[PDB]
Each structure stands twice: as C-alpha cells, then as structure tokens.
file entry-v5.tsv (TSV, C-alpha atoms)
chain	number	residue	atom	x	y	z
Q	1	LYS	CA	-103.75	-63.38	-139.47
Q	2	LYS	CA	-104.32	-64.49	-135.98
Q	3	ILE	CA	-107.46	-63.48	-134.07
Q	4	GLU	CA	-107.29	-59.83	-133.00
Q	5	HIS	CA	-108.50	-58.50	-129.63
Q	6	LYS	CA	-109.69	-55.07	-128.73
Q	7	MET	CA	-111.68	-53.18	-126.10
Q	8	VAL	CA	-114.76	-51.20	-127.16
Q	9	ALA	CA	-116.71	-48.88	-124.85
Q	10	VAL	CA	-120.38	-49.88	-125.09
Q	11	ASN	CA	-123.48	-49.16	-122.95
Q	12	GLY	CA	-121.43	-48.37	-119.87
Q	13	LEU	CA	-119.04	-51.36	-120.28
Q	14	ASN	CA	-115.51	-51.84	-121.58
Q	15	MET	CA	-116.29	-54.81	-123.85
Q	16	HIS	CA	-113.69	-57.18	-125.09
Q	17	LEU	CA	-114.12	-58.07	-128.80
Q	18	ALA	CA	-112.29	-60.83	-130.69
Q	19	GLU	CA	-112.22	-60.31	-134.43
Q	20	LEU	CA	-111.00	-62.32	-137.50
Q	21	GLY	CA	-111.42	-61.71	-141.20
Q	22	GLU	CA	-112.69	-58.95	-143.57
Q	23	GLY	CA	-115.97	-58.61	-145.54
Q	24	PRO	CA	-119.53	-58.59	-144.25
Q	25	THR	CA	-119.85	-58.81	-140.48
Q	26	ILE	CA	-121.07	-61.85	-138.54
Q	27	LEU	CA	-121.68	-61.25	-134.84
Q	28	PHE	CA	-121.26	-64.34	-132.67
Q	29	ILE	CA	-122.96	-64.30	-129.28
Q	30	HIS	CA	-121.87	-66.91	-126.65
Q	31	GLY	CA	-123.95	-68.29	-123.73
Q	32	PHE	CA	-123.31	-69.95	-120.37
Q	33	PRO	CA	-120.53	-70.77	-119.30
Q	34	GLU	CA	-118.83	-69.81	-122.54
Q	35	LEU	CA	-116.59	-66.97	-123.84
Q	36	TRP	CA	-115.63	-65.44	-127.20
Q	37	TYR	CA	-113.28	-68.43	-127.42
Q	38	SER	CA	-116.14	-70.84	-127.78
Q	39	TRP	CA	-116.55	-69.64	-131.38
Q	40	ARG	CA	-113.01	-70.02	-132.57
Q	41	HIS	CA	-113.68	-72.83	-135.08
Q	42	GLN	CA	-116.48	-70.87	-136.75
Q	43	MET	CA	-114.54	-67.61	-136.72
Q	44	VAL	CA	-111.75	-69.36	-138.74
Q	45	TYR	CA	-114.13	-71.17	-141.05
Q	46	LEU	CA	-116.09	-68.07	-141.92
Q	47	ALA	CA	-113.10	-65.70	-142.07
Q	48	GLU	CA	-111.52	-68.08	-144.56
Q	49	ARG	CA	-114.58	-67.72	-146.75
Q	50	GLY	CA	-114.64	-63.88	-146.92
Q	51	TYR	CA	-116.60	-62.79	-143.77
Q	52	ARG	CA	-115.57	-60.77	-140.81
Q	53	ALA	CA	-116.21	-62.72	-137.65
Q	54	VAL	CA	-116.65	-60.73	-134.41
Q	55	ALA	CA	-117.25	-62.35	-130.96
Q	56	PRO	CA	-117.47	-60.35	-127.83
Q	57	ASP	CA	-117.21	-61.48	-124.22
Q	58	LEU	CA	-120.63	-60.46	-122.93
Q	59	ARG	CA	-121.41	-58.37	-119.84
Q	60	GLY	CA	-120.06	-60.18	-116.70
Q	61	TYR	CA	-117.85	-62.50	-118.73
Q	62	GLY	CA	-114.25	-62.85	-119.63
Q	63	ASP	CA	-112.36	-59.68	-120.33
Q	64	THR	CA	-115.45	-57.44	-120.45
Q	65	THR	CA	-115.62	-55.03	-117.46
Q	66	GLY	CA	-117.94	-52.57	-115.91
Q	67	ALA	CA	-121.14	-54.30	-114.86
Q	68	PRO	CA	-121.77	-54.41	-111.13
Q	69	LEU	CA	-121.50	-58.02	-109.99
Q	70	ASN	CA	-123.39	-57.12	-106.73
Q	71	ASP	CA	-126.48	-56.01	-108.72
Q	72	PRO	CA	-128.13	-58.74	-110.82
Q	73	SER	CA	-130.80	-56.30	-112.02
Q	74	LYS	CA	-128.13	-54.85	-114.35
Q	75	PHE	CA	-127.99	-58.19	-116.17
Q	76	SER	CA	-131.54	-57.97	-117.51
Q	77	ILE	CA	-132.40	-58.87	-121.05
Q	78	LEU	CA	-132.84	-55.14	-121.76
Q	79	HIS	CA	-129.36	-54.34	-120.57
Q	80	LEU	CA	-127.88	-57.25	-122.58
Q	81	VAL	CA	-129.67	-56.30	-125.86
Q	82	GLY	CA	-128.59	-52.71	-125.09
Q	83	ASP	CA	-124.97	-53.90	-125.12
Q	84	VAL	CA	-125.35	-55.59	-128.45
Q	85	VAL	CA	-127.09	-52.72	-130.13
Q	86	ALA	CA	-124.42	-50.32	-128.89
Q	87	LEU	CA	-121.72	-52.74	-129.97
Q	88	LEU	CA	-123.07	-52.97	-133.51
Q	89	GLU	CA	-123.23	-49.15	-133.83
Q	90	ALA	CA	-119.63	-48.96	-132.72
Q	91	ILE	CA	-118.04	-51.80	-134.79
Q	92	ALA	CA	-120.28	-52.07	-137.87
Q	93	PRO	CA	-121.08	-48.38	-138.71
Q	94	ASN	CA	-121.32	-49.05	-142.45
Q	95	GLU	CA	-123.73	-51.96	-142.29
Q	96	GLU	CA	-127.43	-51.34	-141.60
Q	97	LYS	CA	-127.86	-55.10	-140.89
Q	98	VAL	CA	-125.40	-57.87	-139.94
Q	99	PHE	CA	-125.59	-61.64	-139.65
Q	100	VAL	CA	-125.99	-63.00	-136.10
Q	101	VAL	CA	-125.01	-66.41	-134.78
Q	102	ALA	CA	-125.76	-67.25	-131.13
Q	103	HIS	CA	-125.96	-69.92	-128.47
Q	104	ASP	CA	-127.85	-70.48	-125.14
Q	105	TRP	CA	-128.06	-67.09	-123.23
Q	106	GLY	CA	-126.65	-65.64	-126.50
Q	107	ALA	CA	-129.65	-67.06	-128.36
Q	108	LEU	CA	-131.99	-65.57	-125.77
Q	109	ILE	CA	-130.29	-62.24	-126.34
Q	110	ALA	CA	-130.54	-62.74	-130.08
Q	111	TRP	CA	-134.24	-63.49	-130.06
Q	112	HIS	CA	-134.79	-60.23	-128.24
Q	113	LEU	CA	-132.45	-58.34	-130.52
Q	114	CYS	CA	-134.67	-59.51	-133.34
Q	115	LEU	CA	-137.96	-58.56	-131.65
Q	116	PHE	CA	-136.67	-55.16	-130.50
Q	117	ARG	CA	-134.47	-54.17	-133.49
Q	118	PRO	CA	-135.18	-56.31	-136.47
Q	119	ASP	CA	-133.78	-53.48	-138.55
Q	120	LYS	CA	-130.25	-54.54	-137.36
Q	121	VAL	CA	-130.26	-58.21	-138.31
Q	122	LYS	CA	-130.07	-59.69	-141.79
Q	123	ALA	CA	-130.45	-63.33	-140.79
Q	124	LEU	CA	-130.05	-65.32	-137.54
Q	125	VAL	CA	-128.59	-68.69	-136.75
Q	126	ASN	CA	-129.67	-69.71	-133.21
Q	127	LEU	CA	-128.32	-72.69	-131.33
Q	128	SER	CA	-129.91	-74.68	-128.59
Q	129	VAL	CA	-132.55	-72.30	-127.10
Q	130	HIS	CA	-135.84	-72.09	-129.02
Q	131	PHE	CA	-138.00	-68.92	-128.93
Q	132	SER	CA	-139.83	-68.86	-125.60
Q	133	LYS	CA	-143.34	-67.51	-125.65
Q	134	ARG	CA	-144.02	-65.50	-122.44
Q	135	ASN	CA	-146.27	-67.45	-120.06
Q	136	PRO	CA	-148.80	-64.98	-118.63
Q	137	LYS	CA	-149.06	-67.03	-115.43
Q	138	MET	CA	-145.42	-67.30	-114.40
Q	139	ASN	CA	-141.77	-66.55	-115.00
Q	140	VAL	CA	-139.27	-69.06	-116.26
Q	141	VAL	CA	-137.64	-69.73	-112.82
Q	142	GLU	CA	-141.04	-70.49	-111.21
Q	143	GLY	CA	-142.11	-72.53	-114.23
Q	144	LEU	CA	-138.97	-74.71	-114.18
Q	145	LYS	CA	-139.11	-75.06	-110.40
Q	146	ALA	CA	-142.70	-76.30	-110.66
Q	147	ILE	CA	-141.49	-79.07	-113.09
Q	148	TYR	CA	-138.07	-80.03	-111.75
Q	149	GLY	CA	-137.97	-78.92	-108.07
Q	150	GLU	CA	-135.84	-76.64	-105.92
Q	151	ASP	CA	-132.52	-78.35	-106.88
Q	152	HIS	CA	-132.98	-77.44	-110.57
Q	153	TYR	CA	-129.82	-75.33	-111.48
Q	154	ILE	CA	-131.87	-72.26	-112.45
Q	155	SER	CA	-133.51	-72.27	-109.05
Q	156	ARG	CA	-130.25	-72.95	-107.16
Q	157	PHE	CA	-128.60	-70.11	-109.19
Q	158	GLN	CA	-131.07	-67.52	-107.82
Q	159	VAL	CA	-129.66	-66.23	-104.52
Q	160	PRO	CA	-126.31	-64.32	-104.77
Q	161	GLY	CA	-123.48	-66.13	-103.08
Q	162	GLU	CA	-125.03	-69.57	-102.97
Q	163	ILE	CA	-123.86	-71.31	-106.08
Q	164	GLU	CA	-120.59	-69.34	-105.94
Q	165	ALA	CA	-119.92	-70.90	-102.48
Q	166	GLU	CA	-120.79	-74.31	-103.78
Q	167	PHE	CA	-118.30	-74.00	-106.63
Q	168	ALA	CA	-115.53	-72.36	-104.56
Q	169	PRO	CA	-113.95	-75.44	-103.12
Q	170	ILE	CA	-114.40	-77.43	-106.37
Q	171	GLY	CA	-112.58	-74.85	-108.53
Q	172	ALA	CA	-113.54	-73.63	-111.97
Q	173	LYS	CA	-111.84	-76.34	-114.01
Q	174	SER	CA	-113.94	-79.19	-112.56
Q	175	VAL	CA	-117.18	-77.23	-112.66
Q	176	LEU	CA	-116.67	-76.33	-116.31
Q	177	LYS	CA	-115.48	-79.83	-117.28
Q	178	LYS	CA	-118.62	-81.29	-115.75
Q	179	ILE	CA	-120.92	-78.82	-117.50
Q	180	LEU	CA	-119.19	-78.86	-120.91
Q	181	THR	CA	-119.01	-82.69	-121.18
Q	182	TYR	CA	-122.53	-83.16	-119.82
Q	183	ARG	CA	-124.76	-85.35	-122.13
Q	184	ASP	CA	-127.79	-86.59	-120.20
Q	185	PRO	CA	-131.10	-85.06	-121.45
Q	186	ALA	CA	-132.20	-84.02	-117.92
Q	187	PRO	CA	-131.38	-80.57	-116.45
Q	188	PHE	CA	-128.51	-79.95	-114.12
Q	189	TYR	CA	-129.20	-80.40	-110.36
Q	190	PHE	CA	-127.12	-78.69	-107.71
Q	191	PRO	CA	-128.30	-79.97	-104.34
Q	192	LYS	CA	-127.01	-77.90	-101.48
Q	193	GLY	CA	-123.65	-79.12	-100.22
Q	194	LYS	CA	-123.43	-81.92	-102.84
Q	195	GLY	CA	-121.13	-80.11	-105.28
Q	196	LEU	CA	-121.24	-81.83	-108.69
Q	197	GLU	CA	-122.35	-85.23	-107.33
Q	198	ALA	CA	-125.81	-85.06	-108.80
Q	199	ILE	CA	-124.50	-84.72	-112.31
Q	200	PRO	CA	-123.66	-87.87	-114.24
Q	201	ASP	CA	-120.54	-88.50	-116.34
Q	202	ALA	CA	-120.71	-89.84	-119.87
Q	203	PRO	CA	-118.13	-92.12	-121.38
Q	204	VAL	CA	-114.78	-90.33	-121.75
Q	205	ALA	CA	-114.62	-91.20	-125.46
Q	206	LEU	CA	-117.71	-88.96	-126.07
Q	207	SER	CA	-115.85	-85.82	-124.76
Q	208	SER	CA	-112.69	-85.99	-126.77
Q	209	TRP	CA	-113.83	-82.89	-128.67
Q	210	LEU	CA	-112.80	-80.84	-125.58
Q	211	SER	CA	-109.01	-80.64	-125.35
Q	212	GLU	CA	-107.26	-80.09	-122.09
Q	213	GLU	CA	-105.88	-76.78	-123.49
Q	214	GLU	CA	-109.43	-75.59	-124.30
Q	215	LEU	CA	-110.73	-76.50	-120.92
Q	216	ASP	CA	-107.80	-74.69	-119.27
Q	217	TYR	CA	-108.56	-71.52	-121.27
Q	218	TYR	CA	-112.05	-71.45	-119.74
Q	219	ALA	CA	-110.86	-72.46	-116.34
Q	220	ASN	CA	-108.20	-69.77	-116.13
Q	221	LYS	CA	-110.70	-67.09	-117.18
Q	222	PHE	CA	-113.47	-68.14	-114.72
Q	223	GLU	CA	-110.92	-68.50	-111.87
Q	224	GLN	CA	-110.10	-64.79	-112.52
Q	225	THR	CA	-113.67	-63.43	-112.91
Q	226	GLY	CA	-115.51	-65.98	-110.72
Q	227	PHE	CA	-119.02	-67.17	-111.95
Q	228	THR	CA	-121.15	-64.28	-110.62
Q	229	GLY	CA	-121.47	-62.18	-113.77
Q	230	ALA	CA	-122.48	-65.25	-115.77
Q	231	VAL	CA	-124.91	-66.57	-113.12
Q	232	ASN	CA	-126.45	-63.09	-112.77
Q	233	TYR	CA	-128.23	-63.49	-116.13
Q	234	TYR	CA	-130.31	-66.30	-114.63
Q	235	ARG	CA	-130.95	-64.05	-111.52
Q	236	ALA	CA	-132.56	-61.50	-113.77
Q	237	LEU	CA	-135.06	-63.98	-115.25
Q	238	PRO	CA	-137.86	-62.77	-112.87
Q	239	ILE	CA	-137.42	-59.18	-113.82
Q	240	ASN	CA	-137.01	-60.13	-117.51
Q	241	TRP	CA	-140.49	-61.67	-117.35
Q	242	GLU	CA	-141.93	-58.37	-116.06
Q	243	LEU	CA	-140.01	-56.25	-118.51
Q	244	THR	CA	-140.99	-58.20	-121.62
Q	245	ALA	CA	-144.82	-57.88	-121.20
Q	246	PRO	CA	-144.95	-55.39	-124.06
Q	247	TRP	CA	-143.98	-58.19	-126.54
Q	248	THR	CA	-146.81	-60.57	-125.78
Q	249	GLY	CA	-148.07	-61.87	-129.10
Q	250	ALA	CA	-145.15	-60.30	-131.03
Q	251	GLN	CA	-143.43	-62.26	-133.75
Q	252	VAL	CA	-139.77	-62.46	-134.80
Q	253	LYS	CA	-139.57	-61.13	-138.36
Q	254	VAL	CA	-135.92	-61.99	-139.19
Q	255	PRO	CA	-134.99	-64.97	-141.41
Q	256	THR	CA	-133.88	-67.70	-138.93
Q	257	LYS	CA	-132.18	-71.08	-138.81
Q	258	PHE	CA	-132.44	-73.02	-135.55
Q	259	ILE	CA	-130.00	-75.88	-134.72
Q	260	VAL	CA	-130.12	-78.09	-131.56
Q	261	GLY	CA	-128.26	-81.21	-130.35
Q	262	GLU	CA	-130.37	-84.38	-129.98
Q	263	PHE	CA	-129.47	-84.62	-126.27
Q	264	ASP	CA	-129.63	-80.87	-125.45
Q	265	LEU	CA	-131.27	-80.45	-122.09
Q	266	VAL	CA	-133.28	-77.36	-123.18
Q	267	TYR	CA	-134.69	-79.39	-126.00
Q	268	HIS	CA	-136.04	-81.84	-123.38
Q	269	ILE	CA	-138.04	-79.27	-121.37
Q	270	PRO	CA	-141.65	-80.70	-121.37
Q	271	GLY	CA	-143.52	-79.23	-124.31
Q	272	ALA	CA	-140.34	-77.96	-126.12
Q	273	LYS	CA	-140.24	-80.60	-128.84
Q	274	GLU	CA	-143.96	-80.09	-129.53
Q	275	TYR	CA	-143.57	-76.30	-129.75
Q	276	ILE	CA	-140.56	-76.63	-132.01
Q	277	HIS	CA	-141.71	-79.17	-134.53
Q	278	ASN	CA	-145.57	-78.90	-134.65
Q	279	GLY	CA	-146.10	-75.29	-135.44
Q	280	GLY	CA	-145.91	-73.04	-132.46
Q	281	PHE	CA	-142.30	-72.02	-133.11
Q	282	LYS	CA	-143.10	-71.23	-136.82
Q	283	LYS	CA	-146.06	-69.06	-135.75
Q	284	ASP	CA	-143.81	-67.08	-133.45
Q	285	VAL	CA	-140.92	-67.01	-135.99
Q	286	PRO	CA	-142.60	-67.03	-139.43
Q	287	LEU	CA	-139.33	-66.89	-141.46
Q	288	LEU	CA	-137.91	-69.90	-139.59
Q	289	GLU	CA	-136.32	-72.44	-141.92
Q	290	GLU	CA	-136.52	-76.18	-141.22
Q	291	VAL	CA	-135.09	-76.93	-137.75
Q	292	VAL	CA	-131.85	-78.90	-137.70
Q	293	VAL	CA	-131.41	-81.54	-134.95
Q	294	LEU	CA	-127.82	-82.79	-134.75
Q	295	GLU	CA	-127.85	-86.54	-134.17
Q	296	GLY	CA	-125.69	-87.73	-131.37
Q	297	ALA	CA	-124.83	-84.23	-130.02
Q	298	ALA	CA	-125.55	-82.52	-126.74
Q	299	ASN	CA	-125.38	-78.96	-125.31
Q	300	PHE	CA	-122.29	-77.25	-126.85
Q	301	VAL	CA	-122.65	-77.92	-130.52
Q	302	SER	CA	-120.34	-75.21	-131.83
Q	303	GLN	CA	-117.48	-77.04	-130.03
Q	304	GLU	CA	-118.76	-80.59	-130.21
Q	305	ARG	CA	-119.67	-80.51	-133.94
Q	306	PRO	CA	-117.57	-77.62	-135.20
Q	307	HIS	CA	-117.58	-78.56	-138.88
Q	308	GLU	CA	-121.32	-79.09	-139.11
Q	309	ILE	CA	-122.07	-75.86	-137.25
Q	310	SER	CA	-119.53	-73.93	-139.38
Q	311	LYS	CA	-120.91	-75.21	-142.64
Q	312	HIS	CA	-124.59	-74.79	-141.53
Q	313	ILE	CA	-123.85	-71.11	-140.82
Q	314	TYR	CA	-122.01	-70.60	-144.13
Q	315	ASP	CA	-124.67	-72.29	-146.21
Q	316	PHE	CA	-127.48	-70.33	-144.52
Q	317	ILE	CA	-125.81	-66.96	-144.81
Q	318	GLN	CA	-124.88	-67.55	-148.43
Q	319	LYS	CA	-128.65	-67.53	-149.22
Q	320	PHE	CA	-128.71	-63.71	-148.54
call {"tool": "encode", "arguments": {"input": "entry-v5.tsv", "output": "structure tokens"}}
result
Amino acid sequence: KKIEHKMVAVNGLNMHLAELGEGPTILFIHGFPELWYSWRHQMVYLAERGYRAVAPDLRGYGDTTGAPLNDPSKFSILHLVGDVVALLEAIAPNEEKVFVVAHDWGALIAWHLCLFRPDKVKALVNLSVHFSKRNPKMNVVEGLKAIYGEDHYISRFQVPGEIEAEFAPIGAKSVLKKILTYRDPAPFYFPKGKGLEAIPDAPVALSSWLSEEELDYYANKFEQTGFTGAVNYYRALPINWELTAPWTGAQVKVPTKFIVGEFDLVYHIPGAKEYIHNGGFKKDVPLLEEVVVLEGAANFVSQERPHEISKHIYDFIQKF
C-alpha cells in the first residue's frame, strides 16, 4: 500500500496523520524543522515487519491546522502532550499502551508524555534530546543564553516576527538545506541581519543522504505554513519551565532506548555527555537501556542513517 493520509480532530486541532501498515501501533513524533515525512524510511521498514506506523504533523506544522500562530503560549509542552494523548485515544482505542519513537522537540514531547501518562506508553525510542532535569535557577532559554550568547538560535527565536523576517528573503529551501545538512558540533547562530552566514557548510559528499526531492518536500510545506508554528515551541520554553515545577525529582518509568549522532549539537551542550553517560540520565530514567551513539552522524539521524535507526527501533520493540 502507499502511505495513507487522514485528518483527525484532536485537542482543538485538525491534525494530519500519515499511516502505513497493520498490527501494533508505533507513534512517530517529529521535531524541528521536520514533518511526518521525516519518518518515511522507518514507517516502511516497520510496516513491512508487521507494525502499524503512524506519524502526525504536530501542532503548527505541515497540514495540521487550528493552533493560533499569534499566540505562542498555546504551544506549551502541556498543549503538545495534550495533542498526543488525544491523538492516541482517537486512533489507537484498542491499545492501552503503544510504542513511541521521537526526535528533537518530538523527544521533548515524548519525555513528558512518559512522565505525565506512563500508562500510555509501552516502550520509547528517543533520538537526539536527552532527558532534561529542570534547573531550579533558570529556564532553558536563559541557561543557553548564559553559555552561548544572544545570537544562540534559541535566543534569537524568542521574539515573534524576528526570525521569520530574517528567513523571509532567504526562502524556506535554503534555510532548511542549511539546517538539515548542518554537521558542526556547535549550536546554530543567527546574528541579526546576517541570514545564514554564521552557519558553516560541511563537505557536499557528507549530505548526499538528503535528495533534492526530499528537500523540496520540506521547502514547499514551510513556504506554505511559514516557520512560526514550529518556532513557537521554542517561544514557550519560559512558560514550560514554570508549568513543569510539579515534576521536580520525578522519574521516567517507561522502558527507553536513547540514540544520538556523534556530532549532534544537543549532545555537545556543556554537561550533556556527563549527564548521559555517567549516571544522571539513568537516575532520571531508570529503565534506560545502554545509550547508542551513532559514529559519524549529526542531527537528523532518522534521515541520515535510516537503516540503523530503523533496525534499532525494530530490535528494541521486539523485546516487548
């Protein structure tokens, strides 16, 4: 069959869902600046092996409608987990628990799904973004700004209109090409008025995993929606920090596999490698299996290393 597409009303949205295969459900949750389409290789690999792959476009992305682009407070982590819970009730009514695979903002959503409703998740494969303990002193924007300065992308993303105006004359295709092919372990910088000039290019041979047709699929979608919905998730980080105070000291109790590219920028946040490999992460996530670091890979592993990601997911979920 080819991938099927449908609209599902969920938590005040009209959510686009891509679906392939039959059997137990696996929910795939994309991040920034991705779409359902980012999971296509895994959807095929798992559907061929007797699972039902489902991948929505999240709030503010793609073909999903209904969230107010002019109000970033509606892109909080509570709203996003709300969407996913409602989605699961609508599309997996005969399954108390499903498998979850997620990346980047997806993985942030998934960690919170697991803290808030562990009863809904059988096992979790998270890519790129490790569990982040809440810092009682400061929110993630302030914390990253204190390390990397005001040109750090998360900081430059904060005020509505600003990064949108920076990207407007560049066009979506070049912005996405620059982000998707990015390989340097430092964070993205967007100095005001400097477009993409602060972001280095890697050798062209290292990006051949991204076809021109794939890039165009993203570009055409983000030209239609603009970047605001996606960027709004980062604009809700300050409120997310306030809203998540009840989960200080709480642990994730779902069986979990974490996979990260060697050159992933999140993996190079100071203190991340220590947290991940020397015990902190295991304390927060006590059913965490050994962490997988993909040699030679960067920020978009499901697309850059499709076979390894596909088989890692299959082998992990087969344990259950």
call {"tool": "residues_around", "arguments": {"input": "entry-v5.tsv", "residues": "residue 1 in chain Q", "least_positions_apart": "5", "cutoff": "12 Å", "atoms": "all atoms listed in the file", "output": "PyMOL selection string"}}
result
chain Q and resi 19-22+43-44+47-48
call {"tool": "atom_distance", "arguments": {"input": "entry-v5.tsv", "atom1": "CA of residue 56 in chain Q", "atom2": "CA of residue 18 in chain Q"}}
result
5.9 Å
call {"tool": "closest_atom_pairs", "arguments": {"input": "entry-v5.tsv", "of": "range 5-100 of chain Q", "to": "range 229-238 of chain Q", "cutoff": "10 Å", "atoms": "only C-alpha atoms", "output": "JSON lines"}}
result
{"residue": "Q:31", "atom": "CA", "partner": "Q:230", "partner_atom": "CA", "distance": 8.6}
{"residue": "Q:32", "atom": "CA", "partner": "Q:230", "partner_atom": "CA", "distance": 6.6}
{"residue": "Q:33", "atom": "CA", "partner": "Q:230", "partner_atom": "CA", "distance": 6.8}
{"residue": "Q:34", "atom": "CA", "partner": "Q:230", "partner_atom": "CA", "distance": 8.9}
{"residue": "Q:58", "atom": "CA", "partner": "Q:230", "partner_atom": "CA", "distance": 8.8}
{"residue": "Q:59", "atom": "CA", "partner": "Q:229", "partner_atom": "CA", "distance": 7.2}
{"residue": "Q:60", "atom": "CA", "partner": "Q:229", "partner_atom": "CA", "distance": 3.8}
{"residue": "Q:61", "atom": "CA", "partner": "Q:230", "partner_atom": "CA", "distance": 6.1}
{"residue": "Q:62", "atom": "CA", "partner": "Q:229", "partner_atom": "CA", "distance": 9.3}
{"residue": "Q:65", "atom": "CA", "partner": "Q:229", "partner_atom": "CA", "distance": 9.9}
{"residue": "Q:67", "atom": "CA", "partner": "Q:229", "partner_atom": "CA", "distance": 8.0}
{"residue": "Q:68", "atom": "CA", "partner": "Q:229", "partner_atom": "CA", "distance": 8.2}
{"residue": "Q:69", "atom": "CA", "partner": "Q:229", "partner_atom": "CA", "distance": 5.6}
{"residue": "Q:70", "atom": "CA", "partner": "Q:229", "partner_atom": "CA", "distance": 8.9}
{"residue": "Q:71", "atom": "CA", "partner": "Q:232", "partner_atom": "CA", "distance": 8.2}
{"residue": "Q:72", "atom": "CA", "partner": "Q:232", "partner_atom": "CA", "distance": 5.1}
{"residue": "Q:73", "atom": "CA", "partner": "Q:236", "partner_atom": "CA", "distance": 5.8}
{"residue": "Q:74", "atom": "CA", "partner": "Q:236", "partner_atom": "CA", "distance": 8.0}
{"residue": "Q:75", "atom": "CA", "partner": "Q:233", "partner_atom": "CA", "distance": 5.3}
{"residue": "Q:76", "atom": "CA", "partner": "Q:236", "partner_atom": "CA", "distance": 5.2}
{"residue": "Q:77", "atom": "CA", "partner": "Q:236", "partner_atom": "CA", "distance": 7.7}
{"residue": "Q:80", "atom": "CA", "partner": "Q:233", "partner_atom": "CA", "distance": 9.0}
call {"tool": "write_last_selection", "arguments": {"input": "entry-v5.tsv", "atoms": "C-alpha atoms", "output": "PDB file, in the frame of the given file"}}
result
ATOM      1  CA  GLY Q  31    -123.950 -68.290-123.730  1.00  0.00           C
ATOM      2  CA  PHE Q  32    -123.310 -69.950-120.370  1.00  0.00           C
ATOM      3  CA  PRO Q  33    -120.530 -70.770-119.300  1.00  0.00           C
ATOM      4  CA  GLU Q  34    -118.830 -69.810-122.540  1.00  0.00           C
ATOM      5  CA  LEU Q  58    -120.630 -60.460-122.930  1.00  0.00           C
ATOM      6  CA  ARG Q  59    -121.410 -58.370-119.840  1.00  0.00           C
ATOM      7  CA  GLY Q  60    -120.060 -60.180-116.700  1.00  0.00           C
ATOM      8  CA  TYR Q  61    -117.850 -62.500-118.730  1.00  0.00           C
ATOM      9  CA  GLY Q  62    -114.250 -62.850-119.630  1.00  0.00           C
ATOM     10  CA  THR Q  65    -115.620 -55.030-117.460  1.00  0.00           C
ATOM     11  CA  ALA Q  67    -121.140 -54.300-114.860  1.00  0.00           C
ATOM     12  CA  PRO Q  68    -121.770 -54.410-111.130  1.00  0.00           C
ATOM     13  CA  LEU Q  69    -121.500 -58.020-109.990  1.00  0.00           C
ATOM     14  CA  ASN Q  70    -123.390 -57.120-106.730  1.00  0.00           C
ATOM     15  CA  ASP Q  71    -126.480 -56.010-108.720  1.00  0.00           C
ATOM     16  CA  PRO Q  72    -128.130 -58.740-110.820  1.00  0.00           C
ATOM     17  CA  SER Q  73    -130.800 -56.300-112.020  1.00  0.00           C
ATOM     18  CA  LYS Q  74    -128.130 -54.850-114.350  1.00  0.00           C
ATOM     19  CA  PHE Q  75    -127.990 -58.190-116.170  1.00  0.00           C
ATOM     20  CA  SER Q  76    -131.540 -57.970-117.510  1.00  0.00           C
ATOM     21  CA  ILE Q  77    -132.400 -58.870-121.050  1.00  0.00           C
ATOM     22  CA  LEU Q  80    -127.880 -57.250-122.580  1.00  0.00           C
TER      23      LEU Q  80
END
call {"tool": "residues_near_point", "arguments": {"input": "entry-v5.tsv", "point": "(-115.6, -65.3, -145.6)", "cutoff": "12 Å", "atoms": "all atoms listed in the file", "output": "JSON, numbers by chain"}}
result
{"Q": [20, 21, 22, 23, 24, 25, 26, 42, 43, 44, 45, 46, 47, 48, 49, 50, 51, 52, 53, 310, 311, 313, 314, 315, 317, 318]}
call {"tool": "closest_residue", "arguments": {"input": "entry-v5.tsv", "among": "Q:293, Q:252, Q:165, Q:239", "to": "residue 117 in chain Q", "atoms": "only C-alpha atoms"}}
result
Q:252
call {"tool": "closest_residue", "arguments": {"input": "entry-v5.tsv", "among": "Q:200, Q:66, Q:93, Q:246", "to": "residue 177 in chain Q", "atoms": "all atoms listed in the file"}}
result
Q:200
call {"tool": "residues_around", "arguments": {"input": "entry-v5.tsv", "residues": "residue 103 in chain Q", "least_positions_apart": "4", "cutoff": "6 Å", "atoms": "all atoms listed in the file", "output": "ChimeraX atom specification"}}
result
/Q:30-31,107,127
call {"tool": "residues_around", "arguments": {"input": "entry-v5.tsv", "residues": "residue 136 in chain Q", "least_positions_apart": "4", "cutoff": "10 Å", "atoms": "only C-alpha atoms", "output": "short mmCIF file (atom, residue, chain, number, x, y, z; two decimals) with C-alpha atoms, in the frame of the given file"}}
result
data_model
loop_
_atom_site.label_atom_id
_atom_site.label_comp_id
_atom_site.auth_asym_id
_atom_site.auth_seq_id
_atom_site.Cartn_x
_atom_site.Cartn_y
_atom_site.Cartn_z
CA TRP Q 241 -140.49 -61.67 -117.35
CA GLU Q 242 -141.93 -58.37 -116.06
CA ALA Q 245 -144.82 -57.88 -121.20
CA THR Q 248 -146.81 -60.57 -125.78
#
call {"tool": "closest_residue", "arguments": {"input": "entry-v5.tsv", "among": "Q:158, Q:128, Q:299, Q:228", "to": "residue 263 in chain Q", "atoms": "only C-alpha atoms"}}
result
Q:299
call {"tool": "closest_residue", "arguments": {"input": "entry-v5.tsv", "among": "Q:84, Q:138, Q:115, Q:163", "to": "residue 192 in chain Q", "atoms": "only C-alpha atoms"}}
result
Q:163
call {"tool": "residues_around", "arguments": {"input": "entry-v5.tsv", "residues": "residue 220 in chain Q", "least_positions_apart": "5", "cutoff": "9 Å", "atoms": "all atoms listed in the file", "output": "tab-separated table (two decimals) with C-alpha atoms, in the coordinates of the input"}}
result
chain	number	residue	atom	x	y	z
Q	172	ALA	CA	-113.54	-73.63	-111.97
Q	173	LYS	CA	-111.84	-76.34	-114.01
Q	215	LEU	CA	-110.73	-76.50	-120.92
Q	225	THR	CA	-113.67	-63.43	-112.91
call {"tool": "closest_residue", "arguments": {"input": "entry-v5.tsv", "among": "Q:151, Q:142, Q:223, Q:214", "to": "residue 170 in chain Q", "atoms": "only C-alpha atoms"}}
result
Q:223
call {"tool": "atom_distance", "arguments": {"input": "entry-v5.tsv", "atom1": "CA of residue 162 in chain Q", "atom2": "CA of residue 83 in chain Q"}}
result
27.1 Å
call {"tool": "closest_residue", "arguments": {"input": "entry-v5.tsv", "among": "Q:29, Q:91, Q:288, Q:260", "to": "residue 6 in chain Q", "atoms": "only C-alpha atoms"}}
result
Q:91
